[PDB]
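Notes to accompany the following structure.
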Amino acid sequence: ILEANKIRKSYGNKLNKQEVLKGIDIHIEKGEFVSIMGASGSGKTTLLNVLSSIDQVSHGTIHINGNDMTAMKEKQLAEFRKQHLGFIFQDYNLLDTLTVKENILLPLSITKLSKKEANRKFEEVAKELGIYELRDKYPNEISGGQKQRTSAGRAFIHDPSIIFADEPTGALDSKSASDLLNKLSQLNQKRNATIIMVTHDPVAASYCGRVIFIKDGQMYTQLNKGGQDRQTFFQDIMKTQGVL
Amino acid sequence: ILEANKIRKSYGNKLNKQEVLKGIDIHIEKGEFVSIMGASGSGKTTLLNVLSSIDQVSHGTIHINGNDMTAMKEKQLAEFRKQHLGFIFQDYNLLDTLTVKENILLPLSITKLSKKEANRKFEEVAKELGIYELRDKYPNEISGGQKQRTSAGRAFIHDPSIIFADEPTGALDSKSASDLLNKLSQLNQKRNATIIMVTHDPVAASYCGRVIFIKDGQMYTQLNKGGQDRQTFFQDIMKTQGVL
Amino acid sequence: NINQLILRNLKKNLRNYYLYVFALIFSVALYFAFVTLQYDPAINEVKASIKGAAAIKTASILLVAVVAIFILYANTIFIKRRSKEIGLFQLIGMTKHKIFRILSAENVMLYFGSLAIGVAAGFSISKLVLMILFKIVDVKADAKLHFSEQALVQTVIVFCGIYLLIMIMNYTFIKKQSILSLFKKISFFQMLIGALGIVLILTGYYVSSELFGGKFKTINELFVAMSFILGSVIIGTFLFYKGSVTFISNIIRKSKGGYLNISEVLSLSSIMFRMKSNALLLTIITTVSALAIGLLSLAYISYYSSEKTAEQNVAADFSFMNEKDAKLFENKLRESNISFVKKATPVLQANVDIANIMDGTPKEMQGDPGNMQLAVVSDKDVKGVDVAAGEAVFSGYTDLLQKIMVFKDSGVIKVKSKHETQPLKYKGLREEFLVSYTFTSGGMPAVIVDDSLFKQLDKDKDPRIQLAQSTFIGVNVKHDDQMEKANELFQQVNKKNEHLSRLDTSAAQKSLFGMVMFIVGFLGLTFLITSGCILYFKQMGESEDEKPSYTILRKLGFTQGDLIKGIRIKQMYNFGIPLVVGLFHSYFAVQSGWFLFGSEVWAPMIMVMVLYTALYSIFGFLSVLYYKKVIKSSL
Ligand SMILES: CC(C)=CCC/C(C)=C/CC/C(C)=C/CC/C(C)=C/CC/C(C)=C\CC/C(C)=C\CC/C(C)=C\CC/C(C)=C/CC/C(C)=C/COP(=O)(O)O[C@@H]1OC[C@H](N)[C@H](O)[C@H]1O
Numbered sequence: 003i004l005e006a007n008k009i010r011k012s013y014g015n016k017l018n019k020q021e022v023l024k025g026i027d028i029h030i031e032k033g034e035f036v037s038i039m040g041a042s043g044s045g046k047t048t049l050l051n052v053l054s055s056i057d058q059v060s061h062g063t064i065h066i067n068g069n070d071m072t073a074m075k076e077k078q079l080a081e082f083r084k085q086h087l088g089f090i091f092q093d094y095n096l097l098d099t100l101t102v103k104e105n106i107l108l109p110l111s112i113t114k115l116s117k118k119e120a121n122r123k124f125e126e127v128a129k130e131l132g133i134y135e136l137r138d139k140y141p142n143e144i145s146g147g148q149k150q151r152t153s154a155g156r157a158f159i160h161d162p163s164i165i166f167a168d169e170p171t172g173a174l175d176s177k178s179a180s181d182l183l184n185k186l187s188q189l190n191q192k193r194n195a196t197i198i199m200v201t202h203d204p205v206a207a208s209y210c211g212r213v214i215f216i217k218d219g220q221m222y223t224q225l226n227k228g229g230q231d232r233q234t235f236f237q238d239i240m241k242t243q244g245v246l
Numbered sequence: 003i004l005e006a007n008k009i010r011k012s013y014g015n016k017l018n019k020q021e022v023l024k025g026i027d028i029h030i031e032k033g034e035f036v037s038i039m040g041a042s043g044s045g046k047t048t049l050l051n052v053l054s055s056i057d058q059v060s061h062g063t064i065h066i067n068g069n070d071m072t073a074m075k076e077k078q079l080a081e082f083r084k085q086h087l088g089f090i091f092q093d094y095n096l097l098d099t100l101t102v103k104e105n106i107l108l109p110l111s112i113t114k115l116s117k118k119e120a121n122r123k124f125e126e127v128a129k130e131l132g133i134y135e136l137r138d139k140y141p142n143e144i145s146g147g148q149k150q151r152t153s154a155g156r157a158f159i160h161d162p163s164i165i166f167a168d169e170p171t172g173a174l175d176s177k178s179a180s181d182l183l184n185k186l187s188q189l190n191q192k193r194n195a196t197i198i199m200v201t202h203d204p205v206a207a208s209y210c211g212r213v214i215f216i217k218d219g220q221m222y223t224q225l226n227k228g229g230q231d232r233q234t235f236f237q238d239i240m241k242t243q244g245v246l
Numbered sequence: 002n003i004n005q006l007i008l009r010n011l012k013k014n015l016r017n018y019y020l021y022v023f024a025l026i027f028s029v030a031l032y033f034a035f036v037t038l039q040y041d042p043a044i045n046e047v048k049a050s051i052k053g054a055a056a057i058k059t060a061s062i063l064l065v066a067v068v069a070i071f072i073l074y075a076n077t078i079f080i081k082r083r084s085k086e087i088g089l090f091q092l093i094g095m096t097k098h099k100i101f102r103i104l105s106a107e108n109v110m111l112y113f114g115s116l117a118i119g120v121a122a123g124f125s126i127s128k129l130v131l132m133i134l135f136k137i138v139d140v141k142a143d144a145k146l147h148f149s150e151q152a153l154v155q156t157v158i159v160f161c162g163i164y165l166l167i168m169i170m171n172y173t174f175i176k177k178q179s180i181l182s183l184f195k196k197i198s199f200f201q202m203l204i205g206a207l208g209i210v211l212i213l214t215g216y217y218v219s220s221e222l223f224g225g226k227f228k229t230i231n232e233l234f235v236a237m238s239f240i241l242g243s244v245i246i247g248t249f250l251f252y253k254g255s256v257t258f259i260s261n262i263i264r265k266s267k268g269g270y271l272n273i274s275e276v277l278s279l280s281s282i283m284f285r286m287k288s289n290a291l292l293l294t295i296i297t298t299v300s301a302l303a304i305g306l307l308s309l310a311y312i313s314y315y316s317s318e319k320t321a322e323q324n325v326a327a328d329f330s331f332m333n334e335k336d337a338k339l340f341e342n343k344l345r346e347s348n349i350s351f352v353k354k355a356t357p358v359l360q361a362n363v364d365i366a367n368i369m370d371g372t373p374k375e376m377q378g379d380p381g382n383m384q385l386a387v388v389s390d391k392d393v394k395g396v397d398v399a400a401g402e403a404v405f406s407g408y409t410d411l412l413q414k415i416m417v418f419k420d421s422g423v424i425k426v427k428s429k430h431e432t433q434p435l436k437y438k439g440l441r442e443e444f445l446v447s448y449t450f451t452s453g454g455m456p457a458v459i460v461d462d463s464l465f466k467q468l469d470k471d472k473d474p475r476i477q478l479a480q481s482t483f484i485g486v487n488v489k490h491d492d493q494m495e496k497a498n499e500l501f502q503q504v505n506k507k508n509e510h511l512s513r514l515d516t517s518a519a520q521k522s523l524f525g526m527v528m529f530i531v532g533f534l535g536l537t538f539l540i541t542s543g544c545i546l547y548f549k550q551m552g553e554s555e556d557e558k559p560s561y562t563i564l565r566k567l568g569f570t571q572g573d574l575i576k577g578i579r580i581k582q583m584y585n586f587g588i589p590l591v592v593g594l595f596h597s598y599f600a601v602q603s604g605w606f607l608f609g610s611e612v613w614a615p616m617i618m619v620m621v622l623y624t625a626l627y628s629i630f631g632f633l634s635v636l637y638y639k640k641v642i643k644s645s646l
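Protein chains in written order, with the entry's author numbering: chain B, 3 to 246; chain C, 3 to 246; chain A, 2 to 184, 195 to 646.
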């Protein structure tokens with residue numbers, strides 16, 4: 003699906019230019035769990051922002067499902083961003099005056115599916131994550147990880163093509179983060195939906211199939227895992243990070 | 003620097019009297035980052051009012067830089083607070099109709115000071131905080147993070163020693179809060195200044211080293227970090243807060 | 002450095018609050034115009050029943066009582082919005098006197114720079130107000146006027162006296178300020204509150220429906236019923252906002268379950284928690300708006316039906332009481348080349364029994380049913396009907412009478428003669444009028460009997476209830492001509508003005524009700540502007556108090572063009588609920604008061620509500636225009 007070809011961005015404030023993206027080649031097929039990580043002042047965040055439609059492009063070509071995006075219109079870009087490309091944010095971004103059901107079912111109002119198909123799909127989506135008990139509780143009495151799980155459920159409603167995750171496990175303990183990662187892996191294995199995550203935690207990258215070690219806008223190859231044990235892959239990633 | 007001994011606040015509107023504070027023993031040295039946690043209903047605002055000398059104390063002794071607060075009158079108290087205290091608030095309360103440079107320099111122009119040293123101080127502060135680029139802009143075209151950094155810079159124009167700060171990360175997202183906390187962190191390693199912080203979210207307190215808990219006054223223990231990697235410390239704070 | 006700050010604050014405040022300046026200018030101009038109108042010696046040509054020079058004196062007091070309240074209330078939100086601006090100055094270090102001086106140095110300019118334009122605009126409107134008044138009433142021409150310095154003195158004194166109250170209120174607020182001040196599920200009591208809020212209004216409407224022509228009829232008893240209705244309709248309106256819109260909104264919300272849309276999220280999140288907080292200002296707005304609309308419509312009904320009431324009061328174009336004046340009038344008209352069709356008809360006053368024809372109660376009497384005074388005429392005089400023996404036919408319509416004096420079908424009617432009683436039966440009711448109101452008592456129609464029966468009725472002539480003149484000498488007129496000179500001749504005929512003319516009776520009522528028209532219309536326009544400005548000012552807080560919801564909605568995929576529609580349909584309800592309640596109050600108030608101010612309705616009521624809505628929609632549009640700005644800057 004995703005096809006990045008030498009996408010490059012230059013940071014300019016009309017007086018100084020400091021390019022951060024110099025040479026990108028990403029090959030992503032339908033149905034994998036990849037991760038982007040490396041350093042702390044690199045262009046990985048900018049890479050994720052330019053891969054999606056949240057930020058513009060400077061020099062490069064990106065194709066998602068065959069569609070052209072680099073020279074695509076603004077209104078059509080917004081329509082595409084609303085129709086596909088579900089997002090999971092670092093923070094909760096949950097409305098306080100509504101409930102869980104309204105919060106995770108509102109983005110389905112634009113495409114009218116009546117009061118039958120939406121209500122049938124909400125149960126299916128929310129029972130996989132095990133939040134069906136939380137159908138009328140306002141998002142101020144529930145725990146921490148349940149809000150993130152509701153956000154993921156909202157991102158998983160309309161069956162999008164590509165899901166971009168920007169540091170999901172950032173403000174959670176070990177148990178909640180592990181449970182959320184396991185649920186995301188189960189959802190990936192159930193329905194074919196590509197998931198891309200940017201994280202700083204080796205445990206988060208352990209659940210992934212591929213990882214890219216960005217280095218100030220370079221490649222430094224990548225891992226493949228495949229027929230490899232979870233723990234052994236964890237030590238391999240730890241060694242690779244220790245090399246850096 | 004400050005010493006808190008039997009810090010108590012009085013009440014008694016009509017019949018009912020509220021004893022929110024029942025004596026505290028807080029020992030804070032010079033030049034370290036201290037955070038005070040707690041929970042809703044702990045009267046942290048009353049504690050801030052008592053320690054900031056805004057609200058007149060009722061019982062106990064408070065010493066600011068070796069000087070008892072009660073030893074001076076109201077006008078002398080105001081003069082001492084102006085000479086040795088700053089403030090950082092949850093909101094972005096600023097003069098909308100004043101430029102960033104003038105808004106920062108406003109507290110300094112009162113005490114009959116020449117323009118040359120004021121400009122030098124503004125240059126130093128802006129270069130340290132990295133907001134010099136917004137030297138002649140307006141607060142109506144500036145994001146929340148830069149507004150909060152401008153307020154913090156205003157709080158350092160006349161060097162405090164026991165500067166207080168309420169929750170800065172109340173109306174900030176993850177990135178802006180992280181940037182502001184980082185900047186305040188390198189500002190501590192400079193000229194010594196107590197940066198007492200009264201936030202309740204563990205993410206903000208993960209950058210501290212003197213986390214203190216309040217249940218009645220000090221029922222829970224305290225953490226010191228020292229050799230941790232900012233992640234095990236945060237996990238420990240999360241666990242010990244979940245114990246409650 | 003202080004001067005630059007003051008100038009910048011003045012420039013900023015001249016842009017956020019401009020409707021305030023517009024309202025000040027409008028109020029000052031209207032007050033100056035009214036005072037100049039009252040003190041000028043030119044309104045002496047407009048007089049029907051009241052002097053006029055004293056009505057303006059009363060109308061110039063309520064306007065001040067409204068404007069002063071508006072100013073003293075709307076200059077409190079302005080000082081409350083500066084709450085997080087005095088604490089910063091106190092932290093920097095300033096005496097309260099400096100803060101007071103800084104705050105007042107801007108208000109002085111912003112007030113006097115508008116007061117000096119309001120007075121200068123009184124000249125352009127002084128003559129136009131006279132033109133409008135002279136067009137509503139009938140008068141010939143001409144209006145010159147002069148400076149009338151008394152008006153300037155009075156206006157300056159009043160609008161300088163108000164500023165001292167403003168200043169003392171601001172000083173009290175500044176001193177009262179704290180040292181720094183810088184740091195749900197449904198209940199069951201609200202069930203009862205929401206039930207009562209609708210029950211009281213509905214029962215008030217139902218009781219007000221049967222006020223006139225009902226089971227109770229007594230001058231000392233209708234006062235209590237009126238007070239009860241006017242208390243119920245107010246208590247219900249007050250309870251309708253503080254715990255009755257929440258019920259309806261909760262019922263609506265618990266009807267869709269899950270799936271929703273952004274068109275309803277904003278409304279269902281804001282209306283319930285915002286309309287409850289302000290549930291004393293909206294009550295006042297609705298009640299005063301209903302009171303103004305009802306009074307204007309009730310005056311315009313009478314102004315519309317005066318031309319028919321005058322024609323109904325007198326059967327012909329001229330009426331006379333004595334033969335001498337009638338023959339003098341016709342002698343004068345003889346050489347005036349204005350031929351007249353003069354017909355005379357004697358009237359024999361008599362009383363009968365109409366107890367059996369009552370469809371209601373003896374309380375609806377207006378006279379003894381068995382001994383009610385009526386008028387009897389023969390049949391040869393009438394050129395439209397030819398009655399027979401034992402038949403009595405009524406005449407006239409009297410739309411008021413049909414609502415009170417309801418008549419049954421045929422029956423038996425007893426003639427209360429001196430020593431005899433000949434019974435007849437009721438044939439039917441005509442529509443035209445035959446006898447002026449002088450000889451028919453209040454409004455009782457005259458009866459028509461057979462010529463043969465009248466041949467003995469006039470012979471009897473019971474001399475107990477006979478009037479001074481048992482004749483109806485009346486001089487009609489030919490086809491359309493110069494009736495003005497005929498009216499002048501009639502006026503010069505009666506030096507004691509002891510006769511009746513159609514034109515005079517129409518003009519008197521027209522002028523008397525046109526004066527009230529003018530006064531109430533202007534005093535209602537002022538309140539409309541005031542209420543619109545107050546509501547627009549109150550709507551400014553929601554923009555700044557909802558930004559950390561637009562900044563989140565725009566990060567989910569939505570665009571400004573999709574939020575603006577929801578904003579529009581939220582503002583629609585927010586600005587429309589009080590208007591709808593006021594319209595319902597006015598409609599159910601007018602419907603219990605017609606058939607008493609004259610003839611036709613549904614002509615003025617819509618013609619007033621349409622204008623009111625058209626003049627009320629402007630602030631609703633401006634509120635959306637303001638929301639667009641904060642929406643654009645949400646990101
Ligand atoms: C503003 C103010 C001053 C006071 C406030 C109260 C008030 C009265 C308001 C006006 C009303 C409004 C608009 C209120 C807004 C507010 C609300 C809440 C509305 C909804 C309330 C609600 C749901 C119901 C309440 C309705 C009521 C209380 C009245 C309506 C009936 C009404 C208009 C009048 C009846 C009361 C009288 C005294 C009549 C007499 C009028 C009159 C010329 C008498 C003279 O005799 P009449 O016979 O008529 O005339 C000649 O008489 C000699 C000849 N010979 C002939 O007989 C004949 O030609």
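For every residue, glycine included, the Cβ atom is placed at its ideal position computed from N, Cα and C.
Check your understanding: Using a C-beta cutoff of 9 angstroms, does residue 111(C) count as contacting chain A?
Key -> For the purposes of this step, residue 111(C) is taken as residue 109 along the second sequence, with counting starting at 1. Closer than 9 angstroms to some Cβ of chain A, the Cβ of residue 111(C) qualifies, so yes.
Practice item. Consult DSSP for residue 437(A) and reduce its assignment to one of helix, strand or coil. Key: As a working note, residue 437(A) is residue 426 in the third sequence. Strand, per DSSP.
Check your understanding: Between residue 550(A) and the rest of its own chain, which residues show a CB-CB distance below 7 angstroms, the 5 nearest in sequence each way excluded?
Key -> Walking along the third sequence from the start, residue 550(A) turns up at place 539. For residue 550(A), where only same-chain residues beyond five positions count, the Cβ hits under 7 angstroms are 634.
Review point. Considering only residues of the same chain and omitting the five flanking positions on each side of residue 110(B), which have a CB-CB separation below 7 angstroms?
Key: Within the first sequence, residue 110(B) is the residue found at index 108, counting from 1. 120, 159 and 160.
Point to revise | C-beta contact flag for residue 271(A) and residue 100(B) at 9 angstroms | key: Along the third sequence, one-based indexing puts residue 271(A) at 260. Along the first sequence, one-based indexing puts residue 100(B) at 98. The answer is yes: Cβ separation under 9 angstroms.
Practice item. Check whether the Cβ of residue 84(C) lies closer than 9 angstroms to any Cβ atom in chain A. Key: Residue mapping note: residue 84(C) aligns to position 82 of the second sequence, counting from 1. At least one chain A Cβ lies under 9 angstroms of residue 84(C).
Review point. What does a CB cutoff of less than 6 angstroms around residue 214(C) pick up in its chain, not counting 5 residues either side in sequence?
Key: As a working mapping, residue 214(C) is identified with position 212 in the second sequence. Cβ within range, chain order: 38 and 224.
**Study point:** 6 angstroms CB neighbourhood of residue 172(C) in its chain, flanking five on each side removed
**Key:** Sequence index remark: in the second sequence, residue 172(C) carries index 170 (1-based). Closer than 6 angstroms at the Cβ level, and outside the excluded window around residue 172(C), lie 92.
Point to revise | Any chain B beta carbon closer than 9 angstroms to residue 280(A) | key: Residue 280(A) sits at position 269 when you count from the first residue of the third sequence. So, interface residue.
Check your understanding: Going by the beta-carbon positions, is the gap between residue 525(A) and residue 137(A) smaller than 9 angstroms?
Key -> As a position in the third sequence, residue 525(A) is number 514, starting the count at 1. As a position in the third sequence, residue 137(A) is number 136, starting the count at 1. Taking 9 angstroms as the Cβ cut-off, residue 525(A) and residue 137(A) qualify as a contacting pair.
Point to revise | Helix, strand or coil at residue 547(A) [DSSP, three-state] | key: The sequence position of residue 547(A) within the third sequence is 536, counting from 1. Note: residue 547(A) maps to helix in three-state DSSP.
Exercise for review: Mind the definition here: the stretch 471-491 of chain A touches the stretch 308-323 of chain A only if three or more C-beta pairs lie below 8 angstroms; say whether that holds.
Suggested key: no
Review point. Which residues in the same chain have their Cβ closer than 6 angstroms to the Cβ of residue 600(A), if we skip the five residues on either side of it in sequence?
Key: What you label residue 600(A) is simply residue 589 of the third sequence in a count that begins at 1. Cβ within range, chain order: 305.
Exercise for review: Check the Cβ-Cβ distances between residue 237(C) and every residue of chain B, and say whether any is below 9 angstroms.
Suggested key: Residue mapping note: residue 237(C) aligns to position 235 of the second sequence, counting from 1. Cβ-Cβ to chain B under 9 angstroms: yes for residue 237(C).
Exercise for review: Would you list, in sequence order, the uninterrupted beta strand (DSSP E) runs of no fewer than 3 residues that lie entirely inside the stretch 104-128 of chain A?
Suggested key: none
Review point. For residue 121(A), does the count of other Cβ atoms within 10 angstroms reach 16, so buried, or fall short, so exposed?
Key: In the third sequence, counting from the first residue as 1, residue 121(A) sits at position 120. Looking at its Cβ environment, which holds fewer than 16 other Cβ atoms inside 10 Å, residue 121(A) is exposed.
Point to revise | Cβ-heavy atom distance, residue 601(A) to ligand 1, below 8 angstroms | key: Numbered from its first residue, the third sequence carries residue 601(A) at position 590. Yes - ligand 1 has a heavy atom lying nearer than 8 angstroms to the Cβ of residue 601(A).
Review point. Is any heavy atom in ligand 1 found nearer than 8 angstroms to the beta carbon of residue 23(A)?
Key: Mapped onto the third sequence, residue 23(A) falls at position 22. No.
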